[PDB]
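Since the structure comes first, as structure tokens, the remarks are kept for the end.
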Amino acid sequence: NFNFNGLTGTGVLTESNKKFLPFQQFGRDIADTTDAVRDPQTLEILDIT
Amino acid sequence: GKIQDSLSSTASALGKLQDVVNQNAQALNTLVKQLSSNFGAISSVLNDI
């Protein structure tokens, strides 16, 4: 389980190839299936499988 | 050789199979996207309520 700064869900957290910019706090591939969070501490991008 | 020609250049004649996957696929996407709807709730996502 995970709770982030407003958005939340449950799954496994692993590495990623997708890249961000200075503004993102969220990530989904298609049709509100949230899958990508760059973490708010290390500022390091992750995937949600 | 015409049969090899007509299906290696034109993509229109394969539309009959192409519809069946597409008529399948449109129903899948509209199945998921209904979770974005409130149905008169205060939020469409379940975990907030």
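To be explicit about the labels: the chains of the structure tokens are called A, B, and onward in the order shown, and within each one the residues are counted from 1, while ligands get numbers from 1 in the order they are shown.
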
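The interface of chain A with chain B at 12 Å, considering only C-alpha atoms, consists of residues 3, 6, 7, 8, 9, 10, 30, 31, 32 and 33 of chain A.
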
Contacts of range 21-26 of chain A at 10 Å (only C-alpha atoms; same-chain gap of 2+ positions) as a ChimeraX atom specification = /A:4-7,19,28,34-40,43,45

Any chance you can output those residues with N, CA, C and O atoms as a PDB file, in the first residue's frame?
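Saved the output as selection22.pdb:
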ATOM      1  N   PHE A   4       0.604   8.875  -1.248  1.00  0.00           N
ATOM      2  CA  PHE A   4       1.441   9.997  -1.625  1.00  0.00           C
ATOM      3  C   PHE A   4       0.702  11.288  -1.334  1.00  0.00           C
ATOM      4  O   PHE A   4      -0.372  11.300  -0.731  1.00  0.00           O
ATOM      5  N   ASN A   5       1.286  12.400  -1.769  1.00  0.00           N
ATOM      6  CA  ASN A   5       0.785  13.727  -1.421  1.00  0.00           C
ATOM      7  C   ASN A   5      -0.515  14.031  -2.173  1.00  0.00           C
ATOM      8  O   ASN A   5      -0.581  14.846  -3.093  1.00  0.00           O
ATOM      9  N   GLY A   6      -1.581  13.346  -1.744  1.00  0.00           N
ATOM     10  CA  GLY A   6      -2.920  13.524  -2.278  1.00  0.00           C
ATOM     11  C   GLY A   6      -3.469  12.295  -2.978  1.00  0.00           C
ATOM     12  O   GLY A   6      -4.642  11.955  -2.794  1.00  0.00           O
ATOM     13  N   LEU A   7      -2.645  11.625  -3.772  1.00  0.00           N
ATOM     14  CA  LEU A   7      -3.062  10.456  -4.528  1.00  0.00           C
ATOM     15  C   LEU A   7      -2.503   9.211  -3.859  1.00  0.00           C
ATOM     16  O   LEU A   7      -1.471   9.249  -3.185  1.00  0.00           O
ATOM     17  N   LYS A  19      10.639   9.420 -18.531  1.00  0.00           N
ATOM     18  CA  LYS A  19      11.263  10.615 -17.991  1.00  0.00           C
ATOM     19  C   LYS A  19      10.227  11.700 -17.749  1.00  0.00           C
ATOM     20  O   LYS A  19       9.147  11.704 -18.342  1.00  0.00           O
ATOM     21  N   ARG A  28       0.139   7.993 -15.675  1.00  0.00           N
ATOM     22  CA  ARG A  28      -0.800   6.976 -16.127  1.00  0.00           C
ATOM     23  C   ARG A  28      -0.642   6.797 -17.633  1.00  0.00           C
ATOM     24  O   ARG A  28      -0.445   7.771 -18.364  1.00  0.00           O
ATOM     25  N   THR A  34      -3.299   4.771 -13.047  1.00  0.00           N
ATOM     26  CA  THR A  34      -2.132   5.483 -12.539  1.00  0.00           C
ATOM     27  C   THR A  34      -0.955   4.541 -12.324  1.00  0.00           C
ATOM     28  O   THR A  34      -1.059   3.576 -11.563  1.00  0.00           O
ATOM     29  N   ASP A  35       0.178   4.829 -12.982  1.00  0.00           N
ATOM     30  CA  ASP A  35       1.295   3.891 -12.975  1.00  0.00           C
ATOM     31  C   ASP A  35       2.676   4.476 -12.698  1.00  0.00           C
ATOM     32  O   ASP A  35       3.626   3.699 -12.567  1.00  0.00           O
ATOM     33  N   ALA A  36       2.840   5.796 -12.647  1.00  0.00           N
ATOM     34  CA  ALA A  36       4.170   6.392 -12.613  1.00  0.00           C
ATOM     35  C   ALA A  36       4.226   7.507 -11.582  1.00  0.00           C
ATOM     36  O   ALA A  36       3.437   8.455 -11.635  1.00  0.00           O
ATOM     37  N   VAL A  37       5.147   7.387 -10.632  1.00  0.00           N
ATOM     38  CA  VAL A  37       5.386   8.423  -9.638  1.00  0.00           C
ATOM     39  C   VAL A  37       6.883   8.639  -9.529  1.00  0.00           C
ATOM     40  O   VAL A  37       7.629   7.694  -9.244  1.00  0.00           O
ATOM     41  N   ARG A  38       7.319   9.869  -9.772  1.00  0.00           N
ATOM     42  CA  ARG A  38       8.617  10.330  -9.313  1.00  0.00           C
ATOM     43  C   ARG A  38       8.471  10.738  -7.855  1.00  0.00           C
ATOM     44  O   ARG A  38       7.600  11.549  -7.520  1.00  0.00           O
ATOM     45  N   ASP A  39       9.316  10.162  -6.985  1.00  0.00           N
ATOM     46  CA  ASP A  39       9.047  10.266  -5.560  1.00  0.00           C
ATOM     47  C   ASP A  39       9.358  11.667  -5.027  1.00  0.00           C
ATOM     48  O   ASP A  39      10.250  12.351  -5.526  1.00  0.00           O
ATOM     49  N   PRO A  40       8.614  12.137  -4.030  1.00  0.00           N
ATOM     50  CA  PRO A  40       8.801  13.515  -3.557  1.00  0.00           C
ATOM     51  C   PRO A  40       9.991  13.740  -2.635  1.00  0.00           C
ATOM     52  O   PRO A  40      10.115  14.844  -2.099  1.00  0.00           O
ATOM     53  N   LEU A  43      13.470  12.516  -5.560  1.00  0.00           N
ATOM     54  CA  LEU A  43      13.143  13.042  -6.882  1.00  0.00           C
ATOM     55  C   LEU A  43      13.576  12.048  -7.956  1.00  0.00           C
ATOM     56  O   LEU A  43      14.250  12.385  -8.928  1.00  0.00           O
ATOM     57  N   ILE A  45      12.320   8.734 -10.423  1.00  0.00           N
ATOM     58  CA  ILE A  45      11.155   8.255 -11.155  1.00  0.00           C
ATOM     59  C   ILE A  45      10.979   6.756 -10.928  1.00  0.00           C
ATOM     60  O   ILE A  45      11.964   6.015 -10.874  1.00  0.00           O
TER      61      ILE A  45
END

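Distance-wise, CA of residue 16 in chain A and CA of residue 29 in chain A end up 13.0 Å apart.
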
Would you return as a PyMOL selection string the members of chain B that DSSP assigns to alpha helix (DSSP H) on this structure's backbone?
-> chain B and resi 2-9+15-32

I need the residues from that last selection saved to file as a JSON list (two decimals), in the first residue's frame (with N, CA, C and O atoms), if you can.
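Result written to result_20.json:
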[["chain", "number", "residue", "atom", "x", "y", "z"],
["B", 2, "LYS", "N", -1.08, -12.09, -58.04],
["B", 2, "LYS", "CA", -2.00, -11.00, -57.74],
["B", 2, "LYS", "C", -2.48, -11.06, -56.30],
["B", 2, "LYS", "O", -2.66, -10.02, -55.67],
["B", 3, "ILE", "N", -2.70, -12.27, -55.78],
["B", 3, "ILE", "CA", -3.12, -12.43, -54.39],
["B", 3, "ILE", "C", -2.02, -11.96, -53.46],
["B", 3, "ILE", "O", -2.27, -11.26, -52.48],
["B", 4, "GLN", "N", -0.78, -12.31, -53.79],
["B", 4, "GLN", "CA", 0.37, -11.80, -53.05],
["B", 4, "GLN", "C", 0.49, -10.29, -53.21],
["B", 4, "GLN", "O", 0.92, -9.60, -52.28],
["B", 5, "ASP", "N", 0.07, -9.76, -54.36],
["B", 5, "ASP", "CA", 0.18, -8.33, -54.58],
["B", 5, "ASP", "C", -0.89, -7.57, -53.81],
["B", 5, "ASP", "O", -0.58, -6.60, -53.10],
["B", 6, "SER", "N", -2.14, -8.01, -53.91],
["B", 6, "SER", "CA", -3.27, -7.23, -53.43],
["B", 6, "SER", "C", -3.33, -7.13, -51.92],
["B", 6, "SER", "O", -3.97, -6.21, -51.39],
["B", 7, "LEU", "N", -2.68, -8.03, -51.21],
["B", 7, "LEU", "CA", -2.72, -8.01, -49.76],
["B", 7, "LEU", "C", -1.41, -7.55, -49.13],
["B", 7, "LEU", "O", -1.38, -7.32, -47.92],
["B", 8, "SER", "N", -0.35, -7.42, -49.92],
["B", 8, "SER", "CA", 0.91, -6.87, -49.44],
["B", 8, "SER", "C", 1.05, -5.38, -49.70],
["B", 8, "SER", "O", 2.01, -4.77, -49.23],
["B", 9, "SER", "N", 0.13, -4.78, -50.45],
["B", 9, "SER", "CA", 0.13, -3.35, -50.68],
["B", 9, "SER", "C", -1.07, -2.68, -50.01],
["B", 9, "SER", "O", -0.90, -1.80, -49.17],
["B", 15, "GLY", "N", -10.12, -5.16, -43.60],
["B", 15, "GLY", "CA", -10.91, -4.40, -42.65],
["B", 15, "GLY", "C", -11.94, -5.23, -41.91],
["B", 15, "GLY", "O", -12.35, -4.86, -40.81],
["B", 16, "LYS", "N", -12.36, -6.35, -42.50],
["B", 16, "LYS", "CA", -13.36, -7.20, -41.87],
["B", 16, "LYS", "C", -12.82, -7.81, -40.59],
["B", 16, "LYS", "O", -13.50, -7.80, -39.56],
["B", 17, "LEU", "N", -11.59, -8.32, -40.62],
["B", 17, "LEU", "CA", -10.95, -8.74, -39.38],
["B", 17, "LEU", "C", -10.62, -7.54, -38.52],
["B", 17, "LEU", "O", -10.69, -7.63, -37.29],
["B", 18, "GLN", "N", -10.26, -6.43, -39.15],
["B", 18, "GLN", "CA", -9.82, -5.25, -38.41],
["B", 18, "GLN", "C", -10.96, -4.65, -37.60],
["B", 18, "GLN", "O", -10.72, -4.10, -36.52],
["B", 19, "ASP", "N", -12.19, -4.78, -38.08],
["B", 19, "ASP", "CA", -13.34, -4.28, -37.33],
["B", 19, "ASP", "C", -13.56, -5.08, -36.06],
["B", 19, "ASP", "O", -13.87, -4.51, -35.01],
["B", 20, "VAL", "N", -13.40, -6.41, -36.14],
["B", 20, "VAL", "CA", -13.74, -7.30, -35.03],
["B", 20, "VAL", "C", -12.85, -7.04, -33.83],
["B", 20, "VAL", "O", -13.33, -6.97, -32.69],
["B", 21, "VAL", "N", -11.56, -6.83, -34.07],
["B", 21, "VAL", "CA", -10.67, -6.43, -32.99],
["B", 21, "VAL", "C", -11.01, -5.02, -32.52],
["B", 21, "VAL", "O", -11.03, -4.75, -31.32],
["B", 22, "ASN", "N", -11.34, -4.13, -33.45],
["B", 22, "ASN", "CA", -11.70, -2.77, -33.07],
["B", 22, "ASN", "C", -13.04, -2.69, -32.37],
["B", 22, "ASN", "O", -13.18, -1.95, -31.40],
["B", 23, "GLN", "N", -14.04, -3.45, -32.85],
["B", 23, "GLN", "CA", -15.31, -3.53, -32.12],
["B", 23, "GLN", "C", -15.13, -4.20, -30.77],
["B", 23, "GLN", "O", -15.90, -3.93, -29.84],
["B", 24, "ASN", "N", -14.14, -5.07, -30.63],
["B", 24, "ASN", "CA", -13.79, -5.56, -29.31],
["B", 24, "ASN", "C", -13.12, -4.46, -28.50],
["B", 24, "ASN", "O", -13.45, -4.26, -27.33],
["B", 25, "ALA", "N", -12.19, -3.74, -29.11],
["B", 25, "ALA", "CA", -11.33, -2.85, -28.34],
["B", 25, "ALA", "C", -12.05, -1.61, -27.86],
["B", 25, "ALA", "O", -11.72, -1.10, -26.79],
["B", 26, "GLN", "N", -13.02, -1.11, -28.63],
["B", 26, "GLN", "CA", -13.74, 0.08, -28.20],
["B", 26, "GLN", "C", -14.58, -0.20, -26.97],
["B", 26, "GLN", "O", -14.71, 0.65, -26.08],
["B", 27, "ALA", "N", -15.12, -1.42, -26.87],
["B", 27, "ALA", "CA", -15.90, -1.78, -25.71],
["B", 27, "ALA", "C", -15.04, -1.91, -24.46],
["B", 27, "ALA", "O", -15.52, -1.64, -23.35],
["B", 28, "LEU", "N", -13.77, -2.30, -24.62],
["B", 28, "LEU", "CA", -12.90, -2.42, -23.46],
["B", 28, "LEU", "C", -12.58, -1.06, -22.87],
["B", 28, "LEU", "O", -12.63, -0.87, -21.65],
["B", 29, "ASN", "N", -12.27, -0.09, -23.73],
["B", 29, "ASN", "CA", -11.87, 1.22, -23.25],
["B", 29, "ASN", "C", -13.04, 1.95, -22.61],
["B", 29, "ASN", "O", -12.88, 2.59, -21.56],
["B", 30, "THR", "N", -14.23, 1.83, -23.19],
["B", 30, "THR", "CA", -15.37, 2.44, -22.54],
["B", 30, "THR", "C", -15.83, 1.67, -21.32],
["B", 30, "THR", "O", -16.59, 2.21, -20.52],
["B", 31, "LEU", "N", -15.37, 0.43, -21.15],
["B", 31, "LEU", "CA", -15.67, -0.27, -19.92],
["B", 31, "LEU", "C", -14.86, 0.30, -18.76],
["B", 31, "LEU", "O", -15.38, 0.47, -17.66],
["B", 32, "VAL", "N", -13.60, 0.65, -19.01],
["B", 32, "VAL", "CA", -12.76, 1.11, -17.93],
["B", 32, "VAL", "C", -13.09, 2.55, -17.57],
["B", 32, "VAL", "O", -13.17, 2.91, -16.39]]

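Here CA of residue 13 in chain A is placed at a distance of 13.0 Å from CA of residue 27 in chain A.
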